[PDB]
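Chemist: Here's a structure for you.
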Amino acid sequence: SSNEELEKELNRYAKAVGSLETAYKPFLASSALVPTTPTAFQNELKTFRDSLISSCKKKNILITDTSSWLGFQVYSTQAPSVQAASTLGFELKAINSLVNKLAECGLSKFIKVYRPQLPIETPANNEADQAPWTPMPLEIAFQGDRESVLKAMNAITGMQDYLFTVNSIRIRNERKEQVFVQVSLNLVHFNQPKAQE
């Protein structure tokens with residue numbers, strides 16, 4: 001009975017992955033969820049923030065305190081829910097990878113890493129079909145010259161570990177010659193099988 005339940009789920013997942021364009025193969029591994037307590041998540045968050053601040057210091061990149069929390073400042077003191085820690089750990093790993101790639105582009109300032117909350121964080125405003133993948137939105141803002149902005153676009157596009165799609169870019173006066181960039185993105189999380197104890 002619980003055997004057939006698991007069999008149904010595993011065959012559902014197998015068909016879900018199979019229906020994907022084989023171009024998504026390099027992105028599938030990192031979508032696997034790692035068991036994570038809320039505290040383990042908070043620790044990984046604070047370590048990533050320390051590494052990022054240190055790296056930006058070494059590279060002469062200014063980074064606001066809100067940016068350095070990688071879109072997860074709400075969990076700097078309050079731990080996330082037990083149900084959401086895995087998924088947040090995925091999104092945190094992805095954003096950490098993305099921001100470090102951007103840190104290699106010769107930018108001059110990281111201004112904002114804004115991350116709308118995912119459904120699983122809020123049970124409040126919520127056994128059929130599961131989507132093959134789900135988007136996770138975020139918006140980043142940074143400042144740099146044109147050379148670095150083009151490098152940043154390419155850095156996002158060339159990523160092989162996490163799939164971020166670029167929904168829009170806006171260029172404004174600064175907040176060589178500096179420009180202020182705001183990028184609206186979706187992180188793609190590929191559907192995972194679930195199995196209760």
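In the structure tokens, chains take the letters A, B, ... in the order shown, each chain's residues start at 1, and ligands count up from 1 in the order shown.
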How would you write, as a ChimeraX atom specification, the set of residues in chain A that DSSP gives as strand (DSSP E)?
Modeler: /A:62-63,109-114,133-144,163-173,179-190
Chemist: Next, dump the selected residues to file, keeping only N, CA and C atoms, as a compact mmCIF listing (two decimals), in the first residue's frame.
Modeler:
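What follows is the written file result16.txt:
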# COMPACT_ATOMS: atom_id res chain seq x y z
N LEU A 62 32.03 46.96 -3.43
CA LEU A 62 31.16 47.37 -2.35
C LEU A 62 29.91 46.51 -2.34
N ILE A 63 29.48 46.11 -1.15
CA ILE A 63 28.28 45.28 -1.05
C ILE A 63 27.47 45.71 0.17
N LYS A 109 29.72 47.49 -7.51
CA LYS A 109 28.89 47.46 -6.31
C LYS A 109 27.76 46.45 -6.47
N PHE A 110 27.53 45.65 -5.43
CA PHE A 110 26.31 44.84 -5.31
C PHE A 110 25.33 45.63 -4.45
N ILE A 111 24.20 46.02 -5.02
CA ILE A 111 23.27 46.92 -4.36
C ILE A 111 22.11 46.18 -3.71
N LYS A 112 21.53 45.20 -4.39
CA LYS A 112 20.32 44.55 -3.90
C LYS A 112 20.26 43.11 -4.38
N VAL A 113 19.84 42.20 -3.50
CA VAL A 113 19.47 40.84 -3.87
C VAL A 113 18.10 40.61 -3.24
N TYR A 114 17.04 40.83 -4.01
CA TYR A 114 15.68 40.75 -3.51
C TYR A 114 15.06 39.43 -3.95
N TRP A 133 9.07 21.63 -13.82
CA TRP A 133 9.95 22.55 -13.13
C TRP A 133 9.10 23.70 -12.61
N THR A 134 9.66 24.43 -11.65
CA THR A 134 9.00 25.56 -11.01
C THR A 134 9.94 26.76 -11.00
N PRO A 135 9.44 27.95 -11.29
CA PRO A 135 10.30 29.14 -11.20
C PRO A 135 10.35 29.69 -9.78
N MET A 136 11.49 30.26 -9.46
CA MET A 136 11.74 30.94 -8.19
C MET A 136 12.24 32.33 -8.53
N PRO A 137 11.48 33.38 -8.27
CA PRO A 137 11.88 34.71 -8.75
C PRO A 137 12.94 35.35 -7.89
N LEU A 138 13.72 36.22 -8.51
CA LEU A 138 14.54 37.13 -7.73
C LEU A 138 14.92 38.30 -8.61
N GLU A 139 15.40 39.35 -7.96
CA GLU A 139 15.81 40.57 -8.63
C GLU A 139 17.12 40.99 -8.01
N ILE A 140 18.13 41.22 -8.84
CA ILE A 140 19.42 41.68 -8.35
C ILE A 140 19.69 43.05 -8.94
N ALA A 141 20.50 43.83 -8.23
CA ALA A 141 20.89 45.14 -8.69
C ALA A 141 22.36 45.33 -8.40
N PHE A 142 23.08 45.90 -9.36
CA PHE A 142 24.50 46.13 -9.17
C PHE A 142 24.89 47.34 -9.99
N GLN A 143 26.16 47.71 -9.88
CA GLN A 143 26.68 48.89 -10.52
C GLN A 143 28.05 48.57 -11.08
N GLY A 144 28.29 49.01 -12.32
CA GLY A 144 29.60 48.82 -12.93
C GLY A 144 29.64 49.45 -14.31
N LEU A 163 20.07 26.94 -13.38
CA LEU A 163 19.45 27.59 -14.51
C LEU A 163 18.70 28.83 -14.05
N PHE A 164 19.26 30.00 -14.37
CA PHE A 164 18.62 31.30 -14.19
C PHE A 164 18.27 31.86 -15.57
N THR A 165 17.00 32.22 -15.79
CA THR A 165 16.63 32.90 -17.03
C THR A 165 16.44 34.39 -16.75
N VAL A 166 16.82 35.22 -17.72
CA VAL A 166 16.80 36.67 -17.58
C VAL A 166 15.49 37.18 -18.17
N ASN A 167 14.62 37.67 -17.30
CA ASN A 167 13.35 38.22 -17.73
C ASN A 167 13.48 39.66 -18.19
N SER A 168 14.27 40.48 -17.49
CA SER A 168 14.44 41.84 -18.01
C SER A 168 15.64 42.55 -17.39
N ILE A 169 16.18 43.52 -18.13
CA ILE A 169 17.27 44.37 -17.66
C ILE A 169 16.84 45.82 -17.74
N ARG A 170 17.15 46.59 -16.70
CA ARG A 170 16.93 48.03 -16.71
C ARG A 170 18.23 48.74 -16.37
N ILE A 171 18.53 49.79 -17.12
CA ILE A 171 19.75 50.57 -16.98
C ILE A 171 19.37 51.98 -16.56
N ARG A 172 19.95 52.45 -15.45
CA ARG A 172 19.72 53.78 -14.91
C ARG A 172 21.07 54.44 -14.57
N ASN A 173 20.99 55.71 -14.16
CA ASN A 173 22.17 56.46 -13.73
C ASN A 173 22.68 55.94 -12.39
N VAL A 179 27.32 52.52 -14.61
CA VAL A 179 25.88 52.43 -14.84
C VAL A 179 25.27 51.53 -13.77
N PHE A 180 23.99 51.77 -13.48
CA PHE A 180 23.23 51.04 -12.48
C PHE A 180 22.30 50.06 -13.19
N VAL A 181 22.48 48.76 -12.92
CA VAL A 181 21.77 47.69 -13.61
C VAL A 181 20.84 47.00 -12.63
N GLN A 182 19.62 46.74 -13.09
CA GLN A 182 18.68 45.92 -12.34
C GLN A 182 18.22 44.78 -13.23
N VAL A 183 18.36 43.55 -12.75
CA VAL A 183 18.07 42.35 -13.52
C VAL A 183 16.98 41.57 -12.81
N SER A 184 15.93 41.26 -13.56
CA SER A 184 14.81 40.44 -13.10
C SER A 184 14.98 39.04 -13.66
N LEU A 185 15.05 38.03 -12.77
CA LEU A 185 15.40 36.65 -13.11
C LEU A 185 14.43 35.64 -12.51
N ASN A 186 14.39 34.47 -13.14
CA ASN A 186 13.79 33.27 -12.57
C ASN A 186 14.85 32.18 -12.46
N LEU A 187 14.96 31.61 -11.27
CA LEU A 187 15.72 30.39 -11.06
C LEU A 187 14.80 29.21 -11.32
N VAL A 188 15.28 28.22 -12.06
CA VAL A 188 14.45 27.07 -12.39
C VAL A 188 14.78 25.94 -11.43
N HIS A 189 13.79 25.47 -10.68
CA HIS A 189 13.98 24.29 -9.84
C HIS A 189 13.25 23.11 -10.47
N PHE A 190 13.99 22.06 -10.80
CA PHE A 190 13.44 20.89 -11.45
C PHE A 190 12.78 19.95 -10.44
Chemist: So which residues of chain A fall under helix (DSSP H, G or I) by DSSP, listed as a count of residues only?
Modeler: 89
Chemist: Can you tell me which residues surround residue 152 (chain A) at a distance of at most 8 Å, considering only C-alpha atoms, apart from same-chain residues fewer than 6 positions away, and format the answer as a list in words?
Modeler: residues 101, 102 and 105 of chain A
Chemist: So that each row is one residue of region 47-131 of chain A with an atom at most 10 Å from region 9-23 of chain A, can you give its shortest atom pair and the distance in Å to one decimal, using only C-alpha atoms, rows by chain and rising number, as a tab-separated table?
Modeler:
residue	atom	partner	partner_atom	distance
A:127	CA	A:9	CA	9.9
A:129	CA	A:12	CA	9.1
A:130	CA	A:16	CA	8.3
A:131	CA	A:16	CA	7.8
Chemist: Emit the selected residues as a PDB file, in the first residue's frame, including N, CA, C and O atoms.
Modeler:
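Writing the result to result25.pdb gives the following:
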ATOM      1  N   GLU A 127      -2.154  16.139  -4.709  1.00  0.00           N
ATOM      2  CA  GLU A 127      -2.107  14.775  -5.239  1.00  0.00           C
ATOM      3  C   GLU A 127      -2.628  14.713  -6.672  1.00  0.00           C
ATOM      4  O   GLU A 127      -3.294  13.748  -7.064  1.00  0.00           O
ATOM      5  N   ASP A 129      -1.422  16.782 -10.701  1.00  0.00           N
ATOM      6  CA  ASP A 129      -0.262  16.914 -11.576  1.00  0.00           C
ATOM      7  C   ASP A 129       0.799  17.798 -10.929  1.00  0.00           C
ATOM      8  O   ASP A 129       0.485  18.829 -10.322  1.00  0.00           O
ATOM      9  N   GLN A 130       2.057  17.382 -11.052  1.00  0.00           N
ATOM     10  CA  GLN A 130       3.196  18.196 -10.655  1.00  0.00           C
ATOM     11  C   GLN A 130       3.893  18.715 -11.903  1.00  0.00           C
ATOM     12  O   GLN A 130       4.010  18.000 -12.904  1.00  0.00           O
ATOM     13  N   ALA A 131       4.331  19.971 -11.848  1.00  0.00           N
ATOM     14  CA  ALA A 131       4.996  20.556 -12.994  1.00  0.00           C
ATOM     15  C   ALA A 131       6.397  19.963 -13.145  1.00  0.00           C
ATOM     16  O   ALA A 131       7.018  19.573 -12.155  1.00  0.00           O
TER      17      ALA A 131
END
Chemist: Quick one: residues within 7 Å of region 72-87 of chain A, only C-alpha atoms, excluding same-chain residues fewer than 3 positions away - as a PDB file with N, CA, C and O atoms, in the first residue's frame?
Modeler:
ATOM      1  N   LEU A  33      17.367  17.773  -3.548  1.00  0.00           N
ATOM      2  CA  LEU A  33      17.302  18.392  -2.237  1.00  0.00           C
ATOM      3  C   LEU A  33      18.168  17.622  -1.251  1.00  0.00           C
ATOM      4  O   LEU A  33      18.193  16.387  -1.255  1.00  0.00           O
ATOM      5  N   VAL A  34      18.906  18.355  -0.435  1.00  0.00           N
ATOM      6  CA  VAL A  34      19.739  17.780   0.616  1.00  0.00           C
ATOM      7  C   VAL A  34      19.008  17.950   1.942  1.00  0.00           C
ATOM      8  O   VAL A  34      18.572  19.070   2.250  1.00  0.00           O
ATOM      9  N   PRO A  35      18.863  16.892   2.746  1.00  0.00           N
ATOM     10  CA  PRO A  35      18.216  17.038   4.055  1.00  0.00           C
ATOM     11  C   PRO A  35      18.906  18.124   4.861  1.00  0.00           C
ATOM     12  O   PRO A  35      20.133  18.175   4.948  1.00  0.00           O
ATOM     13  N   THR A  36      18.110  19.035   5.400  1.00  0.00           N
ATOM     14  CA  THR A  36      18.633  20.239   6.024  1.00  0.00           C
ATOM     15  C   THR A  36      17.686  20.634   7.139  1.00  0.00           C
ATOM     16  O   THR A  36      16.502  20.851   6.882  1.00  0.00           O
ATOM     17  N   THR A  37      18.194  20.726   8.362  1.00  0.00           N
ATOM     18  CA  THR A  37      17.394  21.310   9.425  1.00  0.00           C
ATOM     19  C   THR A  37      17.376  22.818   9.237  1.00  0.00           C
ATOM     20  O   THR A  37      18.210  23.361   8.514  1.00  0.00           O
ATOM     21  N   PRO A  38      16.411  23.525   9.832  1.00  0.00           N
ATOM     22  CA  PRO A  38      16.456  24.995   9.749  1.00  0.00           C
ATOM     23  C   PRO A  38      17.762  25.576  10.263  1.00  0.00           C
ATOM     24  O   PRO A  38      18.225  26.605   9.752  1.00  0.00           O
ATOM     25  N   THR A  39      18.355  24.970  11.300  1.00  0.00           N
ATOM     26  CA  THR A  39      19.619  25.479  11.815  1.00  0.00           C
ATOM     27  C   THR A  39      20.754  25.223  10.835  1.00  0.00           C
ATOM     28  O   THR A  39      21.582  26.108  10.590  1.00  0.00           O
ATOM     29  N   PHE A  41      20.463  25.144   7.710  1.00  0.00           N
ATOM     30  CA  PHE A  41      20.269  26.181   6.702  1.00  0.00           C
ATOM     31  C   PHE A  41      20.803  27.527   7.169  1.00  0.00           C
ATOM     32  O   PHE A  41      21.490  28.222   6.416  1.00  0.00           O
ATOM     33  N   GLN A  42      20.470  27.929   8.393  1.00  0.00           N
ATOM     34  CA  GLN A  42      20.937  29.223   8.890  1.00  0.00           C
ATOM     35  C   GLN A  42      22.460  29.287   8.929  1.00  0.00           C
ATOM     36  O   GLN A  42      23.058  30.330   8.631  1.00  0.00           O
ATOM     37  N   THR A  66      22.216  44.364   3.022  1.00  0.00           N
ATOM     38  CA  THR A  66      21.071  43.547   2.630  1.00  0.00           C
ATOM     39  C   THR A  66      21.447  42.589   1.509  1.00  0.00           C
ATOM     40  O   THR A  66      21.024  41.427   1.517  1.00  0.00           O
ATOM     41  N   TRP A  69      23.031  39.163   2.459  1.00  0.00           N
ATOM     42  CA  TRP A  69      22.206  38.069   2.956  1.00  0.00           C
ATOM     43  C   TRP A  69      21.589  37.239   1.836  1.00  0.00           C
ATOM     44  O   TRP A  69      20.784  36.343   2.127  1.00  0.00           O
ATOM     45  N   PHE A  90      18.400  24.759  -1.510  1.00  0.00           N
ATOM     46  CA  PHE A  90      18.617  24.797  -2.949  1.00  0.00           C
ATOM     47  C   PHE A  90      18.717  26.235  -3.448  1.00  0.00           C
ATOM     48  O   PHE A  90      19.681  26.601  -4.132  1.00  0.00           O
ATOM     49  N   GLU A  91      17.724  27.066  -3.126  1.00  0.00           N
ATOM     50  CA  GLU A  91      17.708  28.420  -3.687  1.00  0.00           C
ATOM     51  C   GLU A  91      18.914  29.214  -3.204  1.00  0.00           C
ATOM     52  O   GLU A  91      19.500  29.997  -3.959  1.00  0.00           O
ATOM     53  N   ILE A 120       6.257  27.536  -0.304  1.00  0.00           N
ATOM     54  CA  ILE A 120       6.494  26.594   0.786  1.00  0.00           C
ATOM     55  C   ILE A 120       6.893  27.294   2.079  1.00  0.00           C
ATOM     56  O   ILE A 120       6.766  26.713   3.163  1.00  0.00           O
ATOM     57  N   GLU A 121       7.339  28.545   2.005  1.00  0.00           N
ATOM     58  CA  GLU A 121       7.668  29.288   3.216  1.00  0.00           C
ATOM     59  C   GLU A 121       6.414  29.732   3.945  1.00  0.00           C
ATOM     60  O   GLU A 121       6.428  29.849   5.178  1.00  0.00           O
TER      61      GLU A 121
END
Chemist: Nearest to residue 108 (chain A): which of A:6, A:95, A:61, A:53 is it, counting only C-alpha atoms?
Modeler: A:61
Chemist: If we count only C-alpha atoms, what is near residue 161 (chain A) at a cut-off of 9 Å, once residues fewer than 2 positions away on the same chain are taken out, given as a PyMOL selection string?
Modeler: chain A and resi 26-30+94+97+159+163
Chemist: Work out how far apart CA of residue 194 (chain A) and CA of residue 7 (chain A) are and give it in Å to one decimal.
Modeler: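 Computing it gives 11.2 Å between the two atoms.
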Chemist: Between A:88, A:32, A:196, A:96, single out the one closest to residue 51 (chain A), counting only C-alpha atoms.
Modeler: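 Distance minimum relative to residue 51 (chain A) lands on A:96.
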Chemist: Which residue, A:92, A:107, A:45, A:155, has the smallest gap to residue 177 (chain A) when you use only C-alpha atoms?
Modeler: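 Using only C-alpha atoms, residue 177 (chain A) sits closest to A:107.
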